[PDB]
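Have a look at the structure below before the remarks.
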Amino acid sequence: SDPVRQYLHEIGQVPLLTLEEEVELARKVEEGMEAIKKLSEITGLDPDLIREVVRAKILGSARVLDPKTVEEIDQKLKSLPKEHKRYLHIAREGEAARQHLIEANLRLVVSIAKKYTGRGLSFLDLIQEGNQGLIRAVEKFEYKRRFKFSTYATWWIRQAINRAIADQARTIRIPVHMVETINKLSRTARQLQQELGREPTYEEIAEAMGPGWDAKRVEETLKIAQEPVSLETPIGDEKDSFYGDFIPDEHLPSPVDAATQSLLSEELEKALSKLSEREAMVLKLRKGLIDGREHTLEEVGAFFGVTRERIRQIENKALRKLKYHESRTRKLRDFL
Amino acid sequence: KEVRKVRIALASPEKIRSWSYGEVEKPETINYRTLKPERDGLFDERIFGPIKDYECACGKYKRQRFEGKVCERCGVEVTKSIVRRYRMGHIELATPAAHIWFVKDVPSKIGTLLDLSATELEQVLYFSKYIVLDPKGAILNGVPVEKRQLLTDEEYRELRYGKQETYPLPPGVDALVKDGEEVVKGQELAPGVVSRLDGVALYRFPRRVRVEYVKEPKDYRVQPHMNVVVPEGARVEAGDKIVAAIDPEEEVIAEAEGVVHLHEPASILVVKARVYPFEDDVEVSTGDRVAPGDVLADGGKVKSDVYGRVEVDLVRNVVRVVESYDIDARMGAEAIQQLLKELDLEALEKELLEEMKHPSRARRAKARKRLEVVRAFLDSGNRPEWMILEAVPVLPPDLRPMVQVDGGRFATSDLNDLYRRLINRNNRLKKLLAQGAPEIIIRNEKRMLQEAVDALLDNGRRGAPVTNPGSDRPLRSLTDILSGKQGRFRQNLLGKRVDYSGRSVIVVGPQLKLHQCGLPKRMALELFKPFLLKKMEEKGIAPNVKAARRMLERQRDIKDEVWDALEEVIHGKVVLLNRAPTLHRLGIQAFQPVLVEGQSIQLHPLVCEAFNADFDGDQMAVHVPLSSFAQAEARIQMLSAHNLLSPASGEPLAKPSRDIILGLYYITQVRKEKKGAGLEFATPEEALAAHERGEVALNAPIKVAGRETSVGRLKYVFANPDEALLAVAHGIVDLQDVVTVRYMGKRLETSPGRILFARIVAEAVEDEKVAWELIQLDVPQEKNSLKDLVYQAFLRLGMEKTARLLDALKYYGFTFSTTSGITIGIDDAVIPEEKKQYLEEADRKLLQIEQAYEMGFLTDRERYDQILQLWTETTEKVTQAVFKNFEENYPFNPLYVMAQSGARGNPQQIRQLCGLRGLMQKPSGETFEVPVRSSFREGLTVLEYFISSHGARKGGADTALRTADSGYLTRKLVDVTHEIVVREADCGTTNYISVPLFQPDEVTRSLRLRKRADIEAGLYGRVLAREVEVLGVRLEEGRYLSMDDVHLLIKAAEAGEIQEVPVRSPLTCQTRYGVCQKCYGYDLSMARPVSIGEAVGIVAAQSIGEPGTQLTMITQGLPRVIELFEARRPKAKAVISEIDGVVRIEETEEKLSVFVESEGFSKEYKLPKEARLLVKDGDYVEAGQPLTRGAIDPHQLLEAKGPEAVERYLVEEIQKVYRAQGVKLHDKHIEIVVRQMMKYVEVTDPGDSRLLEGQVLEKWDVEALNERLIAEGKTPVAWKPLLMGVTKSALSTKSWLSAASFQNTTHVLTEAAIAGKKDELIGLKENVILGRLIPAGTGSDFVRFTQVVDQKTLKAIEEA
Amino acid sequence: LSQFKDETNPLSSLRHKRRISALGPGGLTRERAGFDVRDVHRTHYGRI
Amino acid sequence: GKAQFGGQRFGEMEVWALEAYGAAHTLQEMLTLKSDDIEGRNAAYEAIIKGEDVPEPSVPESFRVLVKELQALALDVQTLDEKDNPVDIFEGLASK
DNA sequence: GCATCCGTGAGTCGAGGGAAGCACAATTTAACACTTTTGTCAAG
DNA sequence: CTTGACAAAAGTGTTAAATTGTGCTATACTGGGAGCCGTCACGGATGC
Ligand SMILES: [Mg+2]
Ligand SMILES: [Mg+2]
Ligand SMILES: [Zn+2]
Ligand SMILES: [Zn+2]
């Protein structure tokens, strides 16, 4: 029932690698990678394509490029002579060794991942992200340098865990460069807080950050670093009130706002009635009361078949009589 | 068109993708800087639509005519932004994930179809055990593997990859076994290590290699970074390499020709495999899988001899085939989905039908449960594999908003967090799969992906709840949104917050009429604002509505003409006053608002009891019906002056109250004098002559010549009430002095106050003759006598005149109580002179009890009981002495008058003020031996006060914990009966119930007449099924029983003319989805036959549930009612005889047994020793008759006696609780609920139908099916009556919408979706959820289509 | 247990500081508390 | 809440009281016109200030939320007519 | 039979409550100028 | 009424800074940690 305990048990069934065993697996992966390049160079195929085919065969049929093209490529490799088929065998052994090398180091990622808990990602999420770095470590690891795998894999495991926190621990995602700035700002504020025996102001923090930092930038950075608050957070001891119950919806028009818009249209339509049968259409086209979008003088002219100056005269004439009708009636000033 | 049905069903992945407008590929919500949604994110505009109306995300199309156009620069459709509330997305899962609703909802739907236990399903789904889908001829422990077998991880690795083990050799020591040598189990490999399995032994890392040159046993050392490149026993020519190394300097070569021997292995690997040496090229590669007869190398010379994984060793030039099988075992929902895809429901149904004939009941019961799930999927058309999700739907972002508050902060729902984790884990799984990650990594990620789906769908159902990091609050999932008291159903669908609504403190308005309320001006201005703006525009107050609204914005800008317009606005209109809790329907009433200065609502005194409203700080809500329909309903149906009788009991509910009763009682009570009190004379003049001498008082009872009269009746004879009340005004006589008055031609001998009360009724009803027949003149007007007057006025006159009478009673009751002189002083709590004598007697008896106890004649328990009896008897005597003193010496005492009139107080409370407080109970339940001998007037001591506080806290705690129980019970009763509506005038049924008039008393062993209030509650307002001829009166069939008819029937029963009354009740009603008019009876609120279309089910539930708070003051009280309504088996259940016969007691010292003997049968009942047998030898008991005291099990009674007996038992026993508490409730309301409890049946013989034995279905359906089968000549379905509680009856209703909104929302929805249930929207809850017109009241089809037209618009139409 | 101070009058503030609550983190629940915890025990004399 | 200028909660028990009274139209207004019928509440206010009677109400938005929340649980909730033909309560705003 | 798991427990209101750095590339965005529409003033 | 002049605003095009995304780091390091009872009580349904 415990997913963490279930995972820890599963990784415990793979015995840890000795130095001799670790070197053999690392050598096989390196030999397997080189053989894949040799196979691709000779056969002309994509090195990635051959690696996937070799990987697909090693992983077996328990894993779901369609299988028919895998079989065709595999048969093509098997048709090679003994000298060329020897590189196919090395690729198969290399891929099998890579799978074993990754599985036998699943305890290393857990030891690293347990030090990143409480930073926005759950323990199992940290492990799986670290596993991705561990896989990259195996690809990049070189046994020629005689350095132990734990020395090099630690850098990649920590990198993958740290990058995942920067990319997945906030609901409103913040780039790595800005997340690094926020962490540096928090460290600086924390160090100054203990030195001054109080919470530092934005001036002290900005000075300690270095050049290019002022109180304005520190204040903006803190504003950006504010996580959104949940709409379901209860308030009060009674569990019957939430944040969402107090936030009005300001997008949809209110019944009052919708009603006055319809009232305005009715009053505007009556005002346009006093206008001539030609002036009203020009004015509504220019103000976008018909199509929803304004029309330029030439387009209004292309609509009626006159030059731009005619519309600008009609519009100024239609818009002037409305001023007269409005002033002589005062039935339209309230909506303004 | 119009929505008539709502259907819920499983959504296929094809349908989920058809819903979605795009796949959400990224967990990003919005840009942190620009605050715009990110592309492909949870708030993406190309998926869910534009944020603002008719505007793309790229700012290129910002007009309306582009409606329906998708921008080619950004992809955002140019449409309304409100589509963002409706457009969904989807998440394409890398691997299928099971829906938790169809996994953890017991019994699991997936497990039922697949015949997998809950443990087995969880192990497979969460990657704990494998399930076999294709054995491929795999043998496990010598036993071939069969399909659908669960394999653990260790077993699967064994079958899929083979056996192998590595034994680490100690340093330096050399293995005794050579490389490539087969070993057996237990064989020693090195001197210190022994193998554990038989297989080929292979050197892992030879630390030393010994080459033998020919000319020389040279030895070479191998380091951890060096690997041997040659096999053991290999001929190595001069120059050939032996050990490979990183550095060529340390590389090992051969000086000359020699043979290579490998020694000092680091460890030995023993693997069960086959080694095939080869010379030419191998046709296979490492990791391939082979079978016997497969070619391996040399072009067919070398062939495989066993199944397994083939691995080629280039160093040893041999081919190893690790013995294993290509078994197809899978975990997770991908394995489950394959099994559900392969199910043949048609074939599975046939097998289950075959197994339905198994003799074992458990085998048949299990087969039906599986087959019901199989039948549901077959009839609905759903597919079983649809229960596993391949695509996860995404809620529209406006339903899970990320909104910015006024402070610039961002607020988002928890669903965004749940969606992000699912996307984050899904994307990582795709990356891990693309990288060819090992199974352990992939399996862990798949397990998390399944858990992420389950947290989104139902958080906390399986495993620890998901909490947002930085807090311990569980995230709100989709299941939590729709379920519970805070869910969508109960918080936003069944109840809502409303516009045009206000609230304020309530004060008493005595000057108001019954139909009026005091609405503050400021409240009315805001409540009636849109109406007021129109009125202001009509007059010259404002030019238009918009300018009118600006005027009302500022308080100092409101002119004095606005208030005049507001008076015109509300003219005729009514408002709804509501006080919580709305226990019954009178909690909301319609009043005509009266604008008042202030901020408090003025409430009429007479409606306080219905509202349960006092004026110690209570508040009410005001609601404004808007349309003409809403106003008409409130002014006709909901008006306060129209609802004068209680729907629960039929008695008046708006009746005179505390101060009203006190005033009317005071004037109508006569004075009694003691001055003369017995003197006899010869002539009246002698009697008067003594009075002026002061020997006899005015109201002293004397005898003039032979008759007993008083001086007042002789001295003062008044020609009419006008003269009598004129003498009162002049102080000649008082309202309480008995005089002689000539009223209506009859020389009455009554007080002017009683004559005044007669004129009060006569003027109120404007009919002197009828009002004279309505009142009881010769008694003071207490609570009950005034209540009878209201009911009689209602029957003889109607609502209009009764409301006028009520206001007249209220006015005079208030007027007279003010000037009467009621006050409470410390001396008004008169101490009886007998209290000191009684306490001395009790002390002497108590001291006498102790002396007998000290002598050993009685034990502790009986002494404790005897002390309690002494104080209980003493407490009762003091109560008698308190009230006897009041009725002899202070007949007008304020405590006595308030108690006697019913205005305030009861004899228990008066005694504590005047007599003694009495016994008190410990918190453990025991009563203190010493009582509180001091009253509240004398004042308790410190110890007595603390002792009394134990009971006060228990009573206060009981009240707090009973409101939840009573409120829960009412909700259960509503949901089981909400669909019951009077739907037709008559259902035509000839069935009935015979309401008994005589009760089987057992202490005297005789039939005794039931109480009048009990017979009224079972006979008032009921249609006679059969003609009754009693006392020369012929009550014809179909006649509604009024109170006079009920009283006549009781009178006939007292004369031994009738024992029971056959009446039509809802129990025998045959109307579907409700009752008929003739089976219900009268509308107790209107005292007339019920109108078709009334929601009697809601009224019945409110009528039963409203007095639940008062009930609690074997089980008794509210817990007894709850178990009766839930049809629960009592803990101390009574033993009833299954068959009829004579009882034969066989009591012996060893054990107690009870025998029922018949002609051929002999039933034995083994009763416990402490069994209170109520049946003795020589008695003939019938089936279902109890043999021992206790509560009868309704289910045992139903099987032993029948459906009618259990219904009668349930109604009677529920009433016993309410009757014992003084609550009056008609039996109709309880019978409506009991009818719903007995609504279902269980099939015992399928017959010529597709129904299953033991299947539960509604009684109406099986009867309709049975009559159908007879029509085409087929064997009918044989069923058995079934009883279930209100919760079970409600949850098994046909409509899924009402059941889901009640309880078990996950369980109701998961069954309805699988069965594809279609809700026909028959009851009230379903229509309320959809906002439709409820099929009751004005929304009923009986009255909804009525047309109205005048005689001129009709005459002209008739011409055409 | 950290509650907004009730200071309607001086007695209000004095009462609040002397209140004893069975609820809070590590205590009973408002709806899970039976009659036994809510009763006046005999040992409340002079103490509660 | 008074501080938020909010309405009065018309809970389940208050709804039962209207059902018992038979006030079908009064109940329907409080469920749609006065609470969450966005098209209804906008039209009702406009009709009143123009001196007209309020129009016939429509489907509440809360039910629309219920349908969408049920769809998010992979449950196909469909509103049908007399002839079992589906009825679109979203006015074509959610149909592809 | 009993262990075991699951769902249920009044209403309205109220207020208060609100622990890495670097390099390097790749993409996005402010900044700028030139030309093109649109708008405007004149004239006949 | 249209022609042309005339210019302000708006619209393409380049393009530098500013911002964002991605890879890499080599002693050796290889199975977590908070919870923790006034455990809520009780009825129902399933199961073995
Ligand atoms: Mg009160
Ligand atoms: Mg006289
Ligand atoms: Zn666009
Ligand atoms: Zn009937």
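By convention here, the chains of the structure tokens are called A, B, ... in the order presented, each chain's residues are numbered starting at 1, and ligands are numbered starting at 1 in the order presented.
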Please identify every polymer residue within 10 Å of ligand 3, using only C-alpha atoms (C1' of nucleotides) and all ligand atoms, and present the set as a PDB file with N, CA and C atoms, in the first residue's frame.
```pdb
ATOM      1  N   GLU B  45      -5.426  28.735 -25.148  1.00  0.00           N
ATOM      2  CA  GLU B  45      -6.533  29.385 -25.838  1.00  0.00           C
ATOM      3  C   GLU B  45      -6.894  28.668 -27.132  1.00  0.00           C
ATOM      4  N   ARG B  46      -5.927  28.022 -27.787  1.00  0.00           N
ATOM      5  CA  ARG B  46      -6.262  27.277 -28.992  1.00  0.00           C
ATOM      6  C   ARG B  46      -7.116  26.055 -28.684  1.00  0.00           C
ATOM      7  N   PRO B  50     -10.955  31.524 -26.741  1.00  0.00           N
ATOM      8  CA  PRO B  50     -10.367  32.818 -26.377  1.00  0.00           C
ATOM      9  C   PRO B  50     -10.730  33.243 -24.962  1.00  0.00           C
ATOM     10  N   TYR B  54     -14.424  37.224 -29.023  1.00  0.00           N
ATOM     11  CA  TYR B  54     -14.113  37.570 -30.408  1.00  0.00           C
ATOM     12  C   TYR B  54     -12.762  38.276 -30.522  1.00  0.00           C
ATOM     13  N   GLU B  55     -11.727  37.607 -30.022  1.00  0.00           N
ATOM     14  CA  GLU B  55     -10.375  38.158 -30.083  1.00  0.00           C
ATOM     15  C   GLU B  55      -9.376  37.018 -29.986  1.00  0.00           C
ATOM     16  N   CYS B  56      -8.557  36.853 -31.021  1.00  0.00           N
ATOM     17  CA  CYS B  56      -7.542  35.815 -31.028  1.00  0.00           C
ATOM     18  C   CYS B  56      -6.416  36.159 -30.054  1.00  0.00           C
ATOM     19  N   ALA B  57      -5.536  35.181 -29.832  1.00  0.00           N
ATOM     20  CA  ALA B  57      -4.393  35.380 -28.952  1.00  0.00           C
ATOM     21  C   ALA B  57      -3.298  36.225 -29.588  1.00  0.00           C
ATOM     22  N   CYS B  58      -3.263  36.311 -30.916  1.00  0.00           N
ATOM     23  CA  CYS B  58      -2.252  37.084 -31.623  1.00  0.00           C
ATOM     24  C   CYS B  58      -2.691  38.513 -31.912  1.00  0.00           C
ATOM     25  N   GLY B  59      -3.887  38.904 -31.479  1.00  0.00           N
ATOM     26  CA  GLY B  59      -4.372  40.254 -31.689  1.00  0.00           C
ATOM     27  C   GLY B  59      -4.530  40.634 -33.145  1.00  0.00           C
ATOM     28  N   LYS B  60      -5.109  39.739 -33.941  1.00  0.00           N
ATOM     29  CA  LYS B  60      -5.313  39.982 -35.362  1.00  0.00           C
ATOM     30  C   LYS B  60      -6.779  40.038 -35.766  1.00  0.00           C
ATOM     31  N   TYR B  61      -7.648  39.272 -35.109  1.00  0.00           N
ATOM     32  CA  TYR B  61      -9.083  39.283 -35.377  1.00  0.00           C
ATOM     33  C   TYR B  61      -9.794  39.704 -34.098  1.00  0.00           C
ATOM     34  N   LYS B  62     -10.422  40.883 -34.117  1.00  0.00           N
ATOM     35  CA  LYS B  62     -11.068  41.432 -32.930  1.00  0.00           C
ATOM     36  C   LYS B  62     -12.498  41.880 -33.216  1.00  0.00           C
ATOM     37  N   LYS B  69     -14.459  31.628 -37.186  1.00  0.00           N
ATOM     38  CA  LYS B  69     -13.170  31.633 -37.861  1.00  0.00           C
ATOM     39  C   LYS B  69     -12.051  31.366 -36.864  1.00  0.00           C
ATOM     40  N   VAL B  70     -11.127  30.491 -37.250  1.00  0.00           N
ATOM     41  CA  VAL B  70      -9.939  30.185 -36.465  1.00  0.00           C
ATOM     42  C   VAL B  70      -8.780  30.965 -37.066  1.00  0.00           C
ATOM     43  N   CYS B  71      -8.116  31.770 -36.241  1.00  0.00           N
ATOM     44  CA  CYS B  71      -6.983  32.554 -36.713  1.00  0.00           C
ATOM     45  C   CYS B  71      -5.876  31.640 -37.225  1.00  0.00           C
ATOM     46  N   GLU B  72      -5.294  32.008 -38.365  1.00  0.00           N
ATOM     47  CA  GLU B  72      -4.222  31.214 -38.948  1.00  0.00           C
ATOM     48  C   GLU B  72      -2.858  31.529 -38.349  1.00  0.00           C
ATOM     49  N   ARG B  73      -2.742  32.603 -37.570  1.00  0.00           N
ATOM     50  CA  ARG B  73      -1.481  32.948 -36.925  1.00  0.00           C
ATOM     51  C   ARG B  73      -1.334  32.301 -35.552  1.00  0.00           C
ATOM     52  N   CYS B  74      -2.422  32.211 -34.785  1.00  0.00           N
ATOM     53  CA  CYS B  74      -2.373  31.661 -33.437  1.00  0.00           C
ATOM     54  C   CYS B  74      -3.237  30.426 -33.231  1.00  0.00           C
ATOM     55  N   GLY B  75      -4.201  30.158 -34.110  1.00  0.00           N
ATOM     56  CA  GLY B  75      -5.049  28.993 -33.978  1.00  0.00           C
ATOM     57  C   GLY B  75      -6.226  29.149 -33.041  1.00  0.00           C
ATOM     58  N   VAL B  76      -6.412  30.320 -32.441  1.00  0.00           N
ATOM     59  CA  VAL B  76      -7.501  30.537 -31.496  1.00  0.00           C
ATOM     60  C   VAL B  76      -8.767  30.876 -32.271  1.00  0.00           C
ATOM     61  N   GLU B  77      -9.841  30.140 -32.002  1.00  0.00           N
ATOM     62  CA  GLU B  77     -11.112  30.407 -32.659  1.00  0.00           C
ATOM     63  C   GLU B  77     -11.686  31.737 -32.186  1.00  0.00           C
ATOM     64  N   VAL B  78     -12.204  32.518 -33.131  1.00  0.00           N
ATOM     65  CA  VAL B  78     -12.757  33.841 -32.835  1.00  0.00           C
ATOM     66  C   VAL B  78     -14.227  33.626 -32.485  1.00  0.00           C
TER      67      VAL B  78
END
```
Please list as a CSV table (one decimal) with N, CA, C and O atoms, in the first residue's frame every residue within 10 Å of region 210-222 of chain A, counting only C-alpha atoms (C1' of nucleotides) and excluding residues in the same chain fewer than 2 positions away.
```csv
chain,number,residue,atom,x,y,z
A,178,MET,N,15.5,32.1,-13.9
A,178,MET,CA,14.8,32.9,-12.9
A,178,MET,C,14.7,32.2,-11.6
A,178,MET,O,14.7,32.8,-10.5
A,179,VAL,N,14.5,30.9,-11.6
A,179,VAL,CA,14.5,30.1,-10.4
A,179,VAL,C,15.8,30.1,-9.7
A,179,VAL,O,15.8,30.2,-8.4
A,181,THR,N,17.8,32.6,-9.8
A,181,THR,CA,17.9,33.9,-9.1
A,181,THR,C,17.1,33.9,-7.8
A,181,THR,O,17.5,34.5,-6.9
A,182,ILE,N,15.9,33.3,-7.8
A,182,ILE,CA,15.1,33.3,-6.6
A,182,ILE,C,15.8,32.6,-5.5
A,182,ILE,O,15.8,33.0,-4.3
A,185,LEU,N,18.5,34.8,-4.3
A,185,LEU,CA,17.9,35.9,-3.5
A,185,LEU,C,17.5,35.4,-2.1
A,185,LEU,O,17.7,36.2,-1.1
A,186,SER,N,17.0,34.2,-2.0
A,186,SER,CA,16.6,33.7,-0.7
A,186,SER,C,17.8,33.4,0.2
A,186,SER,O,17.7,33.7,1.4
A,201,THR,N,15.8,44.8,4.7
A,201,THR,CA,15.0,45.5,3.7
A,201,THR,C,15.5,45.3,2.3
A,201,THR,O,16.6,44.7,2.1
A,202,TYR,N,14.8,45.7,1.3
A,202,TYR,CA,15.1,45.5,-0.1
A,202,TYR,C,16.4,46.2,-0.5
A,202,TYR,O,17.1,45.8,-1.4
A,203,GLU,N,16.8,47.2,0.3
A,203,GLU,CA,18.1,47.9,0.0
A,203,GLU,C,19.3,47.0,0.4
A,203,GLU,O,20.2,46.9,-0.3
A,204,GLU,N,19.2,46.4,1.6
A,204,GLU,CA,20.3,45.6,2.1
A,204,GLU,C,20.4,44.3,1.2
A,204,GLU,O,21.5,43.9,0.8
A,205,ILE,N,19.3,43.7,0.8
A,205,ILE,CA,19.3,42.6,-0.1
A,205,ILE,C,19.9,42.9,-1.4
A,205,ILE,O,20.7,42.2,-2.0
A,206,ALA,N,19.5,44.0,-2.0
A,206,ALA,CA,20.0,44.4,-3.3
A,206,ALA,C,21.5,44.7,-3.3
A,206,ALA,O,22.2,44.3,-4.2
A,207,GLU,N,22.0,45.3,-2.3
A,207,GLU,CA,23.5,45.6,-2.2
A,207,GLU,C,24.2,44.2,-2.1
A,207,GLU,O,25.3,44.1,-2.7
A,208,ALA,N,23.7,43.3,-1.3
A,208,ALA,CA,24.4,42.0,-1.1
A,208,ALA,C,24.4,41.2,-2.4
A,208,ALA,O,25.2,40.3,-2.6
A,224,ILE,N,7.3,38.1,-8.3
A,224,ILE,CA,7.2,37.0,-9.2
A,224,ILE,C,7.2,35.7,-8.5
A,224,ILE,O,6.5,34.7,-8.9
A,225,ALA,N,8.0,35.6,-7.4
A,225,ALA,CA,8.2,34.3,-6.7
A,225,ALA,C,7.0,33.9,-5.8
A,225,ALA,O,7.1,33.0,-5.0
A,226,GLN,N,5.9,34.6,-6.0
A,226,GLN,CA,4.7,34.3,-5.1
A,226,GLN,C,3.9,33.2,-5.8
A,226,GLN,O,3.3,33.3,-6.9
```
Q: With a cut-off of 12 Å and counting only C-alpha atoms (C1' of nucleotides), select all residues of chain E in contact with chain C and give the selection as a PyMOL selection string.
A: chain E and resi 9+15-17
Dump of N, CA and C atoms (P, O5', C5', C4', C3', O3' and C1' of nucleotides) for the selected residues, as a PDB file, in the first residue's frame:
```pdb
ATOM      1  P    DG E   9     -24.090  13.193   5.903  1.00  0.00           P
ATOM      2  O5'  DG E   9     -24.280  13.420   7.475  1.00  0.00           O
ATOM      3  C5'  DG E   9     -25.558  13.234   8.071  1.00  0.00           C
ATOM      4  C4'  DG E   9     -25.448  13.195   9.585  1.00  0.00           C
ATOM      5  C3'  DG E   9     -24.701  14.364  10.203  1.00  0.00           C
ATOM      6  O3'  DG E   9     -25.601  15.434  10.465  1.00  0.00           O
ATOM      7  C1'  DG E   9     -23.844  12.325  11.062  1.00  0.00           C
ATOM      8  P    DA E  15     -20.195  40.220   9.763  1.00  0.00           P
ATOM      9  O5'  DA E  15     -18.620  40.480   9.871  1.00  0.00           O
ATOM     10  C5'  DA E  15     -18.037  40.833  11.124  1.00  0.00           C
ATOM     11  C4'  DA E  15     -17.246  39.668  11.691  1.00  0.00           C
ATOM     12  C3'  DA E  15     -15.792  39.611  11.256  1.00  0.00           C
ATOM     13  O3'  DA E  15     -14.983  40.300  12.204  1.00  0.00           O
ATOM     14  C1'  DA E  15     -16.847  37.431  11.204  1.00  0.00           C
ATOM     15  P    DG E  16     -13.538  40.864  11.789  1.00  0.00           P
ATOM     16  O5'  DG E  16     -12.581  39.584  11.885  1.00  0.00           O
ATOM     17  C5'  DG E  16     -12.491  38.842  13.100  1.00  0.00           C
ATOM     18  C4'  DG E  16     -11.946  37.442  12.851  1.00  0.00           C
ATOM     19  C3'  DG E  16     -10.507  37.382  12.356  1.00  0.00           C
ATOM     20  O3'  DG E  16      -9.911  36.149  12.747  1.00  0.00           O
ATOM     21  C1'  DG E  16     -11.932  36.587  10.666  1.00  0.00           C
ATOM     22  P    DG E  17      -8.389  35.820  12.347  1.00  0.00           P
ATOM     23  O5'  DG E  17      -8.485  35.266  10.847  1.00  0.00           O
ATOM     24  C5'  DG E  17      -9.237  34.089  10.563  1.00  0.00           C
ATOM     25  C4'  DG E  17      -9.306  33.834   9.065  1.00  0.00           C
ATOM     26  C3'  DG E  17      -7.954  33.829   8.346  1.00  0.00           C
ATOM     27  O3'  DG E  17      -7.924  32.794   7.368  1.00  0.00           O
ATOM     28  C1'  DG E  17      -9.369  35.408   7.341  1.00  0.00           C
TER      29       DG E  17
END
```
Using only C-alpha atoms (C1' of nucleotides), find each residue in region 16-48 of chain F having at least one atom no more than 8 Å away from region 18-41 of chain E; report its shortest atom-to-atom pair and that distance in Å (one decimal), rows by chain then rising number, as a Markdown table.
```
| residue | atom | partner | partner_atom | distance |
| --- | --- | --- | --- | --- |
| F:18 | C1' | E:29 | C1' | 7.4 |
| F:19 | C1' | E:28 | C1' | 6.9 |
| F:20 | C1' | E:27 | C1' | 6.8 |
| F:21 | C1' | E:26 | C1' | 7.1 |
```
Please extract the residues at most 8 Å from ligand 2, counting only C-alpha atoms (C1' of nucleotides) and all ligand atoms, and provide them as an mmCIF file with C-alpha atoms, in the first residue's frame, using the chain letters and residue numbers of this document.
```cif
data_model
loop_
_atom_site.group_PDB
_atom_site.id
_atom_site.type_symbol
_atom_site.label_atom_id
_atom_site.label_comp_id
_atom_site.auth_asym_id
_atom_site.auth_seq_id
_atom_site.Cartn_x
_atom_site.Cartn_y
_atom_site.Cartn_z
ATOM 1 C CA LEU B 714 -79.440 39.062 42.026
ATOM 2 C CA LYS B 715 -78.192 42.595 42.713
ATOM 3 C CA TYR B 716 -77.163 43.278 39.100
ATOM 4 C CA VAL B 717 -79.484 42.205 36.277
#
```
(Q) Taking only C-alpha atoms (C1' of nucleotides) and all ligand atoms into account, list the residues no farther than 12 Å from ligand 1, as a list in words. (A) residues 505, 506, 507, 579, 580, 581, 608, 609, 611, 612, 613, 614, 615, 616, 617, 618, 619 and 620 of chain B
Give me a file of those residues, with C-alpha atoms, as a short mmCIF file (atom, residue, chain, number, x, y, z; two decimals), in the first residue's frame.
```cif
data_model
loop_
_atom_site.label_atom_id
_atom_site.label_comp_id
_atom_site.auth_asym_id
_atom_site.auth_seq_id
_atom_site.Cartn_x
_atom_site.Cartn_y
_atom_site.Cartn_z
CA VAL B 505 -33.44 41.13 12.93
CA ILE B 506 -37.13 40.57 13.67
CA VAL B 507 -39.29 42.50 16.15
CA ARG B 579 -36.45 31.60 9.27
CA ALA B 580 -33.92 28.80 9.52
CA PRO B 581 -34.17 25.92 10.12
CA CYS B 608 -44.37 33.10 15.51
CA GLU B 609 -45.29 29.52 16.42
CA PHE B 611 -41.90 30.08 12.27
CA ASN B 612 -40.71 28.91 15.71
CA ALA B 613 -39.66 32.55 16.04
CA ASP B 614 -39.24 34.58 19.21
CA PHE B 615 -37.70 38.01 19.65
CA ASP B 616 -34.52 37.30 21.62
CA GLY B 617 -32.30 38.02 18.62
CA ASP B 618 -33.80 35.94 15.83
CA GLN B 619 -33.30 36.89 12.18
CA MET B 620 -35.20 36.12 8.98
#
```
